[PDB]
Amino acid sequence: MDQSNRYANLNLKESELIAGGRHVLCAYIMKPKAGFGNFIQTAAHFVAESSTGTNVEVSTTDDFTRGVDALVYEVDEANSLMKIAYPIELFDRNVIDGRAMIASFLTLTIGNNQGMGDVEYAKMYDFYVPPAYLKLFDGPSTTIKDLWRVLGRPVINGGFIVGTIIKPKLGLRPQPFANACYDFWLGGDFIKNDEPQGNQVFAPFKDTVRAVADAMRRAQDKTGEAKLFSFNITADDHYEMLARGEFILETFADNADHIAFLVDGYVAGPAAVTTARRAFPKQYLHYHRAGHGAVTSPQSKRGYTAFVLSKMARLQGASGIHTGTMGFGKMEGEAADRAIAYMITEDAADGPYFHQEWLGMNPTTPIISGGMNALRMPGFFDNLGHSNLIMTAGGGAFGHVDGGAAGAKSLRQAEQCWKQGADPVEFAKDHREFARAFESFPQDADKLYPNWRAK
Amino acid sequence: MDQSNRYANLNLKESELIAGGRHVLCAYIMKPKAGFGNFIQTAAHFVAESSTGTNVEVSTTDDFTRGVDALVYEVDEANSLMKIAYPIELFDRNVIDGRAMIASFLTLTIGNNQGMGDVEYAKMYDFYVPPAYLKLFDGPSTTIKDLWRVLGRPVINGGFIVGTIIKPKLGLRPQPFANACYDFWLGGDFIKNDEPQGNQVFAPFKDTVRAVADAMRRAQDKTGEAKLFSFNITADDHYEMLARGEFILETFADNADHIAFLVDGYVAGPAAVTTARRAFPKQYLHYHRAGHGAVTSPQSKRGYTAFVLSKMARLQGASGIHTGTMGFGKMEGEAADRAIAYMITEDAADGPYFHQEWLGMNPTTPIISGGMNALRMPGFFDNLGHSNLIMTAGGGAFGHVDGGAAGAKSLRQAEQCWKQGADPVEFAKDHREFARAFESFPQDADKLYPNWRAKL
Amino acid sequence: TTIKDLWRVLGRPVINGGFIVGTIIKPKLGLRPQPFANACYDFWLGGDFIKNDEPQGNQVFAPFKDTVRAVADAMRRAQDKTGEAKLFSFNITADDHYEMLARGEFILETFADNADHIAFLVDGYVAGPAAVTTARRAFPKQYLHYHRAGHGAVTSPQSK
Ligand SMILES: O=C(O)[C@@](O)(COP(=O)(O)O)[C@H](O)[C@H](O)COP(=O)(O)O
Ligand SMILES: O=C(O)[C@@](O)(COP(=O)(O)O)[C@H](O)[C@H](O)COP(=O)(O)O
Ligand SMILES: [Mg+2]
Ligand SMILES: [Mg+2]
Ligand SMILES: [Mg+2]
């Protein structure tokens with residue numbers, strides 16, 4: 001069925017839809033499946049299944065319904081491009097506080113339309129949210145600013161936070177776990193649970209949390225510097241999340257503001273993210289995106305990009321989200337991913353298709369992680385342009401030949417090298433921990449610094 | 001780095017791993033990315049990133065850690081197949097009640113491994129959960145049996161529940177919405193919110209719920225039959241979900257057990273599903289899977305299949321989940337998808353790779369939806385083999401030339417046609433609403449029943 | 001929450017968004033729900049912001065829920081008439097923590113899509129820090145309006 005006359009209006013001007021401030025805009029790369037309708041016919045059906053319609057005519061439709069129809073307003077078949085305008089009235093709102101929910105945005109813009117038989121594939125690359133809709137989202141309540149304050153750093157451009165992940169990913173018992181925490185903290189700032197760590201039978205939650213709390217006190221007493229930990233509180237059950245968060249804060253007591261809460265936001269879902277954001281607004285919300293690659297990978301032509309994921313996370317209220325290593329680590333990523341960081345940190349930024357004003361909504365920290373080490377950092381910072389961020393290196397830290405403490409210091413010195421604009425190999429001559437990272441990861445050293453051994 | 005010596009043990013026997021009952025097994029179709037390690041090397045790194053390891057050696061690893069390593073135990077590079085055994089000790093448990101969480105299963109089995117640079121793609125096609133881990137999941141608390149009971153049907157094989165979705169998807173104001181509900185209920189059993197319907201500014205939640213409650217009373221008074229409604233209570237905020245559910249049940253009062261709760265489980269996530277399952281265990285939990293196609297589509301070689309999604313939903317405690325039309329409707333699906341239905345309904349069933357014993361865990365209803373109408377139903381039932389299910393037809397009902405009530409009856413008569421083993425075109429001669437579905441959807445009629453006009 | 005969040009609702013710049021024109025509903029007490037709401041509508045035709053006078057709440061002649069409903073209607077009518085956003089600051093002060101919650105929760109549900117136009121007023125000096133914190137922690141996304149009635153007993157330069 002051809003629904004183009006109803007759901008397509010290519011005469012609409014994007015600048016006017018934006019100026020109007022009554023529409024969410026979404027940009028897709030879509031391709032019709034062979035043996036069905038043409039591009040505009042397919043786009044029209046796509047819009048219907050994403051707003052007010054279905055695959056056939058229904059007598060129950062009235063003019064009020066047609067008034068809130070989503071509309072395809074711009075197409076470019078040669079480039080498989082499709083842009084759709086969603087009246088903001090379509091999106092669900094909370095009965096309890098009249099605020100927006102990302103779940104509704106997802107259901108409409110990237111829901112049932114991902115199962116359409118007449119569509120080969122469709123993926124969202126960008127979206128625009130107008131002020132009237134934007135202001136209804138929670139946004140971040142805690143930012144990197146609050147971590148800088150605890151660390152005793154300037155609250156403006158407080159600089160690089162040296163982080164790690166406790167490795168093994170799973171298998172460490174409570175005290176061996178806490179011992180590794182202490183070791184790293186002698187040289188580093190920040191430690192996060194690896195994403196699956198919680199209440200395993202061999203590492204009970206409360207025992208581990210208590211041991212880590214003791215390690216933090218010991219590390220802070222030894223170094224005279226503040227230390228941070230990000231605990232995984234992810235669960236299916238809302239009340240389990242509350243129980244974990246509540247126990248952690250009571251346990252850390254006077255160090256409670258040194259605690260971040262990690263949530264596996266992609267697999268547990270927006271509901272889990274919001275549980276943490278609304279229950280613990282004064283604790284840094286650390287969004288871990290495990291599983292995201294199933295749709296965000298450039299190998300996938302479905303779902304949405306990492307850029308879209310990141311932008312949504314800022315609205316949901318993540319204090320920080322993993323943005324990837326931008327091609328410099330072990331995970332899939334491109335150097336161009338730097339644009340993701342800018343979109344979540346700045347008050348105004350450009351996406352692949354839409355400019356976004358954030359209207360003073362708090363920033364979300366780009367958390368850099370995935371096969372990073374001291375050697376790979378100078379190149380990463382050069383591409384990004386700043387080090388006002390958290391970087392976690394698990395293997396990069398505990399894989400250091402001289403141990404976790406030395407690993408931490410190598411990360412510290414690596415960023416110091418980049419800020420000083422010094423040559424890494426020349427810099428290494430006066431910085432042992434950094435130099436020993438070459439010996440720790442010789443395969444990496446050979447690639448990045450061909451004749452590092454001679455010098 | 002080659003981690004095959006640690007994370008691969010192809011000498012392990014699947015029958016023994018299953019017999020042991022200490023391992024979750026997962027089957028993937030994976031392809032290494034060119035310019036990295038071979039198949040077994042790549043599978044080894046995959047296993048490391050999905051259990052206990054990372055991409056390099058760390059001094060903190062001990063022999064206890066190696067003991068809980070996941071292991072690739074079976075490979076077939078020619079068919080891109082990879083099977084991994086996960087010690088159940090790896091999976092997270094609730095502090096509050098010691099029960100399992102699907103979030104941990106996902107984090108490990110299909111989490112970070114979906115972003116690996118040395119892997120071109122990897123997708124889970126099946127998984128096995130042993131008794132020790134299986135018994136820790138909530139499972140469904142309400143089933144179709146509880147809907148049959150309200151309808152006055154037999155609680156065993158109570159039969160086909162005629163359903164629809166209120167269309168337009170969005171745009172109907174509270175009373176026009178309720179009017180459509182009333183009309184359909186004159187001929188049908190079951191109505192669900194279209195998945196995005198909730199508290200839109202033009203259709204406030206409480207006003208719509210009140211109007212629908214009135215429509216249910218009026219329809220039940222008119223027909224003398226019980227009517228069902230499935231309300232969307234999906235939200236980001238746990239407390240919004242509770243507020244919606246609590247208001248609905250108070251409003252419907254003596255009809256409160258006629259209410260199902262719909263949750264957009266894929267986009268809102270397992271956390272939202274569990275909110276409804278644990279807060280409202282005595283209300284039918286209707287899992288709507290909007291967005292799933294982004295990974296479950298056969299066009300995708302990442303994530304997991306719809307089979308995997310459906311099996312997870314039963315563990316999570318869905319009373320019913322959309323399983324698709326199995327190729328007979330408007331959404332992507334194949335006739336072979338019938339196996340999904342069997343996996344969520346039976347106490348024992350076979351997946352593409354693993355046999356599963358459910359140990360008396362309640363079944364999850366196959367909810368059939370997506371471009372269905374009276375004409376397409378006989379063929380669908382032929383492929384599945386039974387009609388003990390809920391089928392919702394939005395366009396199929398309200399797109400009927402004679403309206404929603406006639407639409408409902410055409411669906412009713414279509415299943416009766418299949419049950420009697422009658423010829424649809426011959427059956428139509430004596431059943432007007434069914435016959436009028438041919439005129440309502442002529443393109444479908446021409447394809448499905450050549451020369452129907454001549455015979456009608 | 002800060003004035004930035006009010007500026008955002010008014011469509012003003014979120015930095016140095018400028019002057020917010022406000023008033024207090026007078027008589028301090030004595031207006032019944034609809035006469036109260038009528039005064040709100042009238043002011044909102046030219047102004048941005050209205051606060052409860054500090055003692056206004058659930059007086060027997062002006063029941064809380066009836067007044068909140070009437071004011072909510074006035075806000076919609078005023079916003080439709082002027083095409084500009086309007087703000088209200090409601091007194092939710094009480095001895096009982098749970099009364100404060102009940103008032104705040106009812107206001108936000110009633111105002112619905114205008115819920116972010118709502119500020120909560122707390123008579124912080126007489127009800128105390130405990131009352132201020134109840135509102136701050138229970139409703140962090142709503143502008144917290146600290147009314148200092150009674151402060152003059154110590155803050156006055158006449159007092160040493
Ligand atoms: O489990 C892991 O692999 C990590 O702890 C990194 O460990 P290593 O530092 O030892 O490699 C992080 O979770 C990934 O970076 C997640 O990827 P992303 O940030 O792209 O979401
Ligand atoms: O919005 C829709 O399209 C539907 O209400 C069907 O309406 P129609 O009857 O008018 O087609 C269902 O949500 C889809 O079937 C979901 O797909 P699935 O069941 O595959 O998850
Ligand atoms: Mg990790
Ligand atoms: Mg639907
Ligand atoms: Mg006053």
# chains A, B, ... in the order shown; residues from 1 in each chain; ligands from 1
>>> interface_residues(of="chain B", to="chain C", cutoff="10 Å", atoms="only C-alpha atoms", output="list in words")
residues 199, 200, 201 and 204 of chain B
>>> residues_near_ligand(ligand="ligand 4", cutoff="8 Å", atoms="only C-alpha atoms and all ligand atoms", output="list in words")
residues 112 of chain A; 165, 169, 193, 194, 195, 196, 290 and 370 of chain B
>>> write_last_selection(atoms="N, CA and C atoms", output="mmCIF file, in the first residue's frame")
data_model
loop_
_atom_site.group_PDB
_atom_site.id
_atom_site.type_symbol
_atom_site.label_atom_id
_atom_site.label_comp_id
_atom_site.auth_asym_id
_atom_site.auth_seq_id
_atom_site.Cartn_x
_atom_site.Cartn_y
_atom_site.Cartn_z
ATOM 1 N N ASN A 112 9.310 -0.876 16.157
ATOM 2 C CA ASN A 112 8.724 -1.823 15.210
ATOM 3 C C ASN A 112 9.277 -1.697 13.794
ATOM 4 N N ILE B 165 -5.344 -4.566 18.267
ATOM 5 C CA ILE B 165 -4.628 -3.407 18.769
ATOM 6 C C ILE B 165 -5.422 -2.174 18.372
ATOM 7 N N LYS B 169 -2.216 4.118 15.788
ATOM 8 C CA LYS B 169 -1.167 3.839 16.762
ATOM 9 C C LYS B 169 -1.128 4.934 17.817
ATOM 10 N N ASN B 193 -3.092 -1.936 24.116
ATOM 11 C CA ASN B 193 -2.520 -0.677 23.661
ATOM 12 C C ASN B 193 -1.591 -0.956 22.509
ATOM 13 N N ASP B 194 -1.590 -0.086 21.508
ATOM 14 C CA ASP B 194 -0.480 -0.097 20.577
ATOM 15 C C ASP B 194 0.735 0.314 21.407
ATOM 16 N N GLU B 195 1.916 -0.183 21.054
ATOM 17 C CA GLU B 195 3.065 -0.115 21.961
ATOM 18 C C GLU B 195 3.471 1.279 22.482
ATOM 19 N N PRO B 196 3.238 2.365 21.711
ATOM 20 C CA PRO B 196 3.668 3.662 22.251
ATOM 21 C C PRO B 196 2.592 4.399 23.057
ATOM 22 N N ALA B 290 9.203 -4.417 20.605
ATOM 23 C CA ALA B 290 9.560 -3.326 19.688
ATOM 24 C C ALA B 290 11.055 -3.011 19.709
ATOM 25 N N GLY B 370 1.124 -8.748 13.735
ATOM 26 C CA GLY B 370 1.897 -8.132 12.672
ATOM 27 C C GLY B 370 1.311 -8.392 11.299
#
>>> residues_near_ligand(ligand="ligand 1", cutoff="9 Å", atoms="only C-alpha atoms and all ligand atoms", output="short mmCIF file (atom, residue, chain, number, x, y, z; two decimals) with C-alpha atoms, in the first residue's frame")
data_model
loop_
_atom_site.label_atom_id
_atom_site.label_comp_id
_atom_site.auth_asym_id
_atom_site.auth_seq_id
_atom_site.Cartn_x
_atom_site.Cartn_y
_atom_site.Cartn_z
CA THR A 164 41.79 1.17 35.70
CA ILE A 165 39.52 -1.87 35.72
CA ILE A 166 40.12 -4.70 38.17
CA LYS A 167 41.39 -7.67 36.19
CA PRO A 168 40.70 -10.67 36.14
CA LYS A 169 37.26 -9.75 34.81
CA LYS A 192 35.94 0.54 38.26
CA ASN A 193 34.41 -2.86 38.65
CA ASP A 194 34.76 -4.83 35.46
CA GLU A 195 31.24 -4.79 34.04
CA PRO A 196 30.06 -8.23 35.25
CA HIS A 288 28.80 1.03 30.75
CA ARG A 289 27.60 0.13 27.26
CA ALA A 290 28.42 -3.60 27.12
CA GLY A 291 26.53 -5.24 24.26
CA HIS A 292 26.05 -2.02 22.28
CA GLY A 293 28.27 -3.31 19.47
CA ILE A 321 29.61 7.01 29.25
CA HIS A 322 32.16 4.91 27.41
CA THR A 323 32.76 6.53 24.01
CA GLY A 324 35.42 4.07 22.87
CA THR A 325 39.11 4.47 22.03
CA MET A 326 38.41 5.97 18.61
CA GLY A 329 42.53 0.46 21.31
CA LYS A 330 41.17 -3.07 20.96
CA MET A 331 37.52 -2.26 20.25
CA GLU A 332 35.90 -1.14 16.99
CA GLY A 333 36.16 2.61 16.57
CA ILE A 367 35.12 7.51 29.47
CA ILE A 368 37.97 6.05 27.44
CA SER A 369 38.56 2.32 27.72
CA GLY A 370 39.42 -0.81 25.77
CA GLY A 371 42.94 -2.12 25.31
CA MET A 372 44.56 1.18 26.26
CA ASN A 373 48.01 1.56 27.79
CA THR A 392 40.59 3.17 32.42
CA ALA A 393 43.25 0.64 31.45
CA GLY A 394 42.82 -2.84 32.91
CA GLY A 395 45.37 -4.90 30.99
CA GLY A 396 47.33 -1.70 30.47
CA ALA A 397 47.74 -1.31 34.23
CA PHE A 398 47.90 -4.81 35.74
CA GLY A 399 49.78 -6.04 32.68
CA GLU B 49 36.51 -11.09 26.88
CA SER B 50 33.30 -12.91 27.87
CA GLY B 53 40.28 -12.27 30.82
CA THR B 54 41.29 -9.34 28.65
CA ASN B 55 43.60 -8.91 25.62
CA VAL B 56 46.89 -9.27 27.56
CA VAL B 58 47.87 -9.64 33.96
CA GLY B 111 28.22 -7.96 25.97
CA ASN B 112 31.69 -6.58 25.26
CA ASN B 113 32.32 -9.38 22.77
CA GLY B 115 32.56 -4.68 20.08
CA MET B 116 35.73 -6.73 19.53
#
>>> residues_near_ligand(ligand="ligand 2", cutoff="9 Å", atoms="only C-alpha atoms and all ligand atoms", output="VMD selection string")
(chain A and resid 49 to 50 53 to 56 58 111 to 113 115 to 116) or (chain B and resid 164 to 169 192 to 196 288 to 293 321 to 326 329 to 333 367 to 373 392 to 399)
>>> residues_near_ligand(ligand="ligand 5", cutoff="10 Å", atoms="only C-alpha atoms and all ligand atoms", output="list in words")
residues 23, 24, 25, 26, 27, 28, 51, 52, 53, 54, 55, 56, 147, 148 and 149 of chain C
>>> atom_distance(atom1="CA of residue 143 (chain C)", atom2="CA of residue 30 (chain C)")
26.4 Å
>>> atom_distance(atom1="CA of residue 74 (chain A)", atom2="CA of residue 202 (chain B)")
27.1 Å
>>> residues_around(residues="residue 198 (chain B)", least_positions_apart="3", cutoff="10 Å", atoms="only C-alpha atoms", output="number ranges by chain")
A: 90-95, 104; B: 170, 193-195, 201, 203-206, 208-209, 231-235, 244
>>> write_last_selection(atoms="N, CA and C atoms", output="PDB file, in the first residue's frame")
ATOM      1  N   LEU A  90       3.708  13.121  20.175  1.00  0.00           N
ATOM      2  CA  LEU A  90       3.656  11.669  20.057  1.00  0.00           C
ATOM      3  C   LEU A  90       4.310  10.964  21.242  1.00  0.00           C
ATOM      4  N   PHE A  91       5.298  11.613  21.850  1.00  0.00           N
ATOM      5  CA  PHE A  91       6.145  10.944  22.835  1.00  0.00           C
ATOM      6  C   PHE A  91       5.523  10.903  24.230  1.00  0.00           C
ATOM      7  N   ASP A  92       5.615   9.732  24.856  1.00  0.00           N
ATOM      8  CA  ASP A  92       4.995   9.478  26.152  1.00  0.00           C
ATOM      9  C   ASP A  92       5.639  10.315  27.259  1.00  0.00           C
ATOM     10  N   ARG A  93       4.851  10.655  28.274  1.00  0.00           N
ATOM     11  CA  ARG A  93       5.329  11.461  29.395  1.00  0.00           C
ATOM     12  C   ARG A  93       4.932  10.796  30.710  1.00  0.00           C
ATOM     13  N   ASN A  94       5.715  11.020  31.757  1.00  0.00           N
ATOM     14  CA  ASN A  94       5.380  10.472  33.064  1.00  0.00           C
ATOM     15  C   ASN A  94       4.126  11.093  33.651  1.00  0.00           C
ATOM     16  N   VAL A  95       3.222  10.249  34.140  1.00  0.00           N
ATOM     17  CA  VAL A  95       2.081  10.723  34.915  1.00  0.00           C
ATOM     18  C   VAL A  95       2.553  11.406  36.192  1.00  0.00           C
ATOM     19  N   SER A 104      10.106   5.802  25.200  1.00  0.00           N
ATOM     20  CA  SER A 104       9.105   6.172  24.202  1.00  0.00           C
ATOM     21  C   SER A 104       9.770   6.626  22.904  1.00  0.00           C
TER      22      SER A 104
ATOM     23  N   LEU B 170      -1.244   6.171  17.351  1.00  0.00           N
ATOM     24  CA  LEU B 170      -1.406   7.335  18.218  1.00  0.00           C
ATOM     25  C   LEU B 170      -2.313   8.336  17.520  1.00  0.00           C
ATOM     26  N   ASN B 193      -3.092  -1.936  24.116  1.00  0.00           N
ATOM     27  CA  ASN B 193      -2.520  -0.677  23.661  1.00  0.00           C
ATOM     28  C   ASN B 193      -1.591  -0.956  22.509  1.00  0.00           C
ATOM     29  N   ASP B 194      -1.590  -0.086  21.508  1.00  0.00           N
ATOM     30  CA  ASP B 194      -0.480  -0.097  20.577  1.00  0.00           C
ATOM     31  C   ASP B 194       0.735   0.314  21.407  1.00  0.00           C
ATOM     32  N   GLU B 195       1.916  -0.183  21.054  1.00  0.00           N
ATOM     33  CA  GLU B 195       3.065  -0.115  21.961  1.00  0.00           C
ATOM     34  C   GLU B 195       3.471   1.279  22.482  1.00  0.00           C
ATOM     35  N   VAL B 201      -0.032  13.915  25.501  1.00  0.00           N
ATOM     36  CA  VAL B 201      -0.721  15.128  25.932  1.00  0.00           C
ATOM     37  C   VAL B 201      -2.153  15.202  25.402  1.00  0.00           C
ATOM     38  N   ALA B 203      -3.955  12.467  24.825  1.00  0.00           N
ATOM     39  CA  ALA B 203      -4.654  11.302  25.358  1.00  0.00           C
ATOM     40  C   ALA B 203      -4.098  10.959  26.732  1.00  0.00           C
ATOM     41  N   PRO B 204      -4.408  11.797  27.733  1.00  0.00           N
ATOM     42  CA  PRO B 204      -3.905  11.603  29.096  1.00  0.00           C
ATOM     43  C   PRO B 204      -4.188  10.203  29.620  1.00  0.00           C
ATOM     44  N   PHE B 205      -3.215   9.640  30.325  1.00  0.00           N
ATOM     45  CA  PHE B 205      -3.294   8.269  30.807  1.00  0.00           C
ATOM     46  C   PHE B 205      -4.552   8.006  31.628  1.00  0.00           C
ATOM     47  N   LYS B 206      -4.785   8.802  32.663  1.00  0.00           N
ATOM     48  CA  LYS B 206      -5.884   8.505  33.577  1.00  0.00           C
ATOM     49  C   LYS B 206      -7.252   8.658  32.897  1.00  0.00           C
ATOM     50  N   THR B 208      -7.879   8.152  29.682  1.00  0.00           N
ATOM     51  CA  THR B 208      -8.041   7.043  28.748  1.00  0.00           C
ATOM     52  C   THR B 208      -8.389   5.772  29.505  1.00  0.00           C
ATOM     53  N   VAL B 209      -7.683   5.517  30.601  1.00  0.00           N
ATOM     54  CA  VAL B 209      -7.946   4.332  31.413  1.00  0.00           C
ATOM     55  C   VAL B 209      -9.385   4.333  31.934  1.00  0.00           C
ATOM     56  N   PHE B 231      -2.761  -3.024  29.055  1.00  0.00           N
ATOM     57  CA  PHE B 231      -2.308  -1.632  29.120  1.00  0.00           C
ATOM     58  C   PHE B 231      -0.793  -1.485  29.105  1.00  0.00           C
ATOM     59  N   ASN B 232      -0.297  -0.585  28.268  1.00  0.00           N
ATOM     60  CA  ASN B 232       1.113  -0.239  28.315  1.00  0.00           C
ATOM     61  C   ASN B 232       1.455   0.549  29.574  1.00  0.00           C
ATOM     62  N   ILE B 233       2.340  -0.001  30.404  1.00  0.00           N
ATOM     63  CA  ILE B 233       2.808   0.699  31.601  1.00  0.00           C
ATOM     64  C   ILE B 233       4.308   0.959  31.539  1.00  0.00           C
ATOM     65  N   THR B 234       4.881   0.824  30.346  1.00  0.00           N
ATOM     66  CA  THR B 234       6.305   1.052  30.138  1.00  0.00           C
ATOM     67  C   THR B 234       6.738   2.459  30.528  1.00  0.00           C
ATOM     68  N   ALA B 235       7.847   2.555  31.254  1.00  0.00           N
ATOM     69  CA  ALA B 235       8.446   3.850  31.555  1.00  0.00           C
ATOM     70  C   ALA B 235       9.915   3.670  31.890  1.00  0.00           C
ATOM     71  N   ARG B 244       1.209   3.744  37.210  1.00  0.00           N
ATOM     72  CA  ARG B 244       0.291   3.402  36.123  1.00  0.00           C
ATOM     73  C   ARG B 244      -0.465   2.116  36.422  1.00  0.00           C
TER      74      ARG B 244
END
>>> atom_distance(atom1="CA of residue 201 (chain A)", atom2="CA of residue 310 (chain B)")
27.7 Å
>>> residues_around(residues="region 422-437 of chain B", least_positions_apart="5", cutoff="6 Å", atoms="only C-alpha atoms", output="PyMOL selection string")
chain B and resi 406+410+417
>>> residues_around(residues="residue 84 (chain B)", least_positions_apart="6", cutoff="10 Å", atoms="only C-alpha atoms", output="PyMOL selection string")
chain B and resi 7-9+23-28+43-44+46-47+50+70-75+109+127
>>> write_last_selection(atoms="N, CA, C and O atoms", output="compact mmCIF listing (two decimals), in the first residue's frame")
# COMPACT_ATOMS: atom_id res chain seq x y z
N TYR B 7 41.83 -20.84 27.04
CA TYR B 7 40.39 -20.65 26.89
C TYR B 7 39.72 -21.60 25.90
O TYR B 7 38.52 -21.51 25.68
N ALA B 8 40.49 -22.51 25.31
CA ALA B 8 39.93 -23.52 24.42
C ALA B 8 40.23 -24.92 24.94
O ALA B 8 41.37 -25.22 25.31
N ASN B 9 39.20 -25.75 25.00
CA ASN B 9 39.36 -27.16 25.31
C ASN B 9 38.37 -27.98 24.48
O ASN B 9 37.27 -28.29 24.92
N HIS B 23 27.34 -25.69 33.90
CA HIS B 23 27.71 -24.78 32.81
C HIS B 23 26.52 -24.30 32.00
O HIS B 23 25.65 -25.08 31.61
N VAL B 24 26.50 -23.00 31.74
CA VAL B 24 25.64 -22.45 30.70
C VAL B 24 26.38 -22.59 29.38
O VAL B 24 27.56 -22.25 29.28
N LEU B 25 25.69 -23.12 28.37
CA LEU B 25 26.28 -23.30 27.04
C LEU B 25 25.66 -22.30 26.08
O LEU B 25 24.46 -22.05 26.12
N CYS B 26 26.48 -21.73 25.20
CA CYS B 26 26.02 -20.79 24.19
C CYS B 26 26.62 -21.13 22.83
O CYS B 26 27.81 -21.41 22.72
N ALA B 27 25.78 -21.09 21.80
CA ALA B 27 26.21 -21.37 20.43
C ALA B 27 26.17 -20.10 19.58
O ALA B 27 25.14 -19.43 19.50
N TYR B 28 27.31 -19.78 18.97
CA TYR B 28 27.43 -18.57 18.16
C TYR B 28 27.81 -18.89 16.72
O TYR B 28 28.52 -19.86 16.45
N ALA B 43 38.33 -17.16 18.67
CA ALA B 43 37.34 -17.72 19.59
C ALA B 43 37.87 -17.68 21.03
O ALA B 43 37.11 -17.46 21.98
N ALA B 44 39.17 -17.89 21.18
CA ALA B 44 39.80 -17.87 22.49
C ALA B 44 39.75 -16.48 23.10
O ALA B 44 39.49 -16.33 24.29
N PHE B 46 37.60 -14.15 22.28
CA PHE B 46 36.17 -13.96 22.50
C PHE B 46 35.75 -14.50 23.86
O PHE B 46 35.05 -13.83 24.62
N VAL B 47 36.20 -15.71 24.17
CA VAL B 47 35.90 -16.35 25.44
C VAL B 47 36.50 -15.57 26.61
O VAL B 47 35.86 -15.38 27.64
N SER B 50 34.66 -12.57 27.46
CA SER B 50 33.30 -12.91 27.87
C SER B 50 33.26 -13.63 29.22
O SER B 50 32.21 -14.16 29.61
N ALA B 70 35.59 -19.37 31.19
CA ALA B 70 34.72 -19.92 30.17
C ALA B 70 35.61 -20.65 29.17
O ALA B 70 36.81 -20.39 29.11
N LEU B 71 35.03 -21.58 28.41
CA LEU B 71 35.82 -22.39 27.48
C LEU B 71 35.07 -22.65 26.19
O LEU B 71 33.90 -23.04 26.21
N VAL B 72 35.74 -22.45 25.06
CA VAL B 72 35.22 -22.91 23.78
C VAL B 72 35.49 -24.41 23.71
O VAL B 72 36.64 -24.85 23.84
N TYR B 73 34.43 -25.20 23.56
CA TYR B 73 34.54 -26.65 23.63
C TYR B 73 34.18 -27.34 22.32
O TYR B 73 34.34 -28.55 22.18
N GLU B 74 33.68 -26.57 21.36
CA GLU B 74 33.32 -27.13 20.06
C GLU B 74 33.37 -26.04 18.99
O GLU B 74 32.82 -24.96 19.17
N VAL B 75 34.05 -26.35 17.89
CA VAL B 75 34.18 -25.40 16.78
C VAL B 75 33.99 -26.09 15.44
O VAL B 75 34.28 -27.28 15.29
N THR B 109 27.62 -13.15 28.08
CA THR B 109 27.48 -13.94 26.86
C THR B 109 27.38 -13.12 25.57
O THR B 109 27.78 -13.59 24.51
N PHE B 127 21.12 -21.14 23.54
CA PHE B 127 21.80 -21.31 24.81
C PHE B 127 21.10 -22.34 25.68
O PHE B 127 19.91 -22.58 25.53
>>> closest_residue(among="C:39, C:157, C:142, C:95", to="residue 108 (chain C)", atoms="only C-alpha atoms")
C:142
>>> residues_around(residues="region 381-383 of chain B", least_positions_apart="6", cutoff="10 Å", atoms="only C-alpha atoms", output="MDAnalysis selection string")
chainID B and resid 326 328 335:338 414:415 418:419 421
>>> closest_residue(among="B:317, B:327, B:380, B:271", to="residue 276 (chain A)", atoms="only C-alpha atoms")
B:271
>>> select_by_dssp(residues="region 57-219 of chain A", states="helix (DSSP H, G or I)", output="number ranges by chain")
A: 63-67, 77-79, 88-90, 102-109, 112-114, 131-134, 144-151, 174-185, 205-219
>>> interface_residues(of="chain C", to="chain A", cutoff="8 Å", atoms="only C-alpha atoms", output="MDAnalysis selection string")
chainID C and resid 4 8:9 13:14 105 108:109 111:116
>>> closest_residue(among="A:313, A:161, A:377, A:249", to="residue 280 (chain A)", atoms="only C-alpha atoms")
A:249
>>> closest_residue(among="A:197, A:433, A:410, A:380", to="ligand 3", atoms="only C-alpha atoms and all ligand atoms")
A:197
>>> closest_residue(among="A:252, A:128, A:287, A:148", to="ligand 3", atoms="only C-alpha atoms and all ligand atoms")
A:287
>>> residues_around(residues="residue 120 (chain C)", least_positions_apart="4", cutoff="7 Å", atoms="only C-alpha atoms", output="MDAnalysis selection string")
chainID C and resid 89:92 142:145
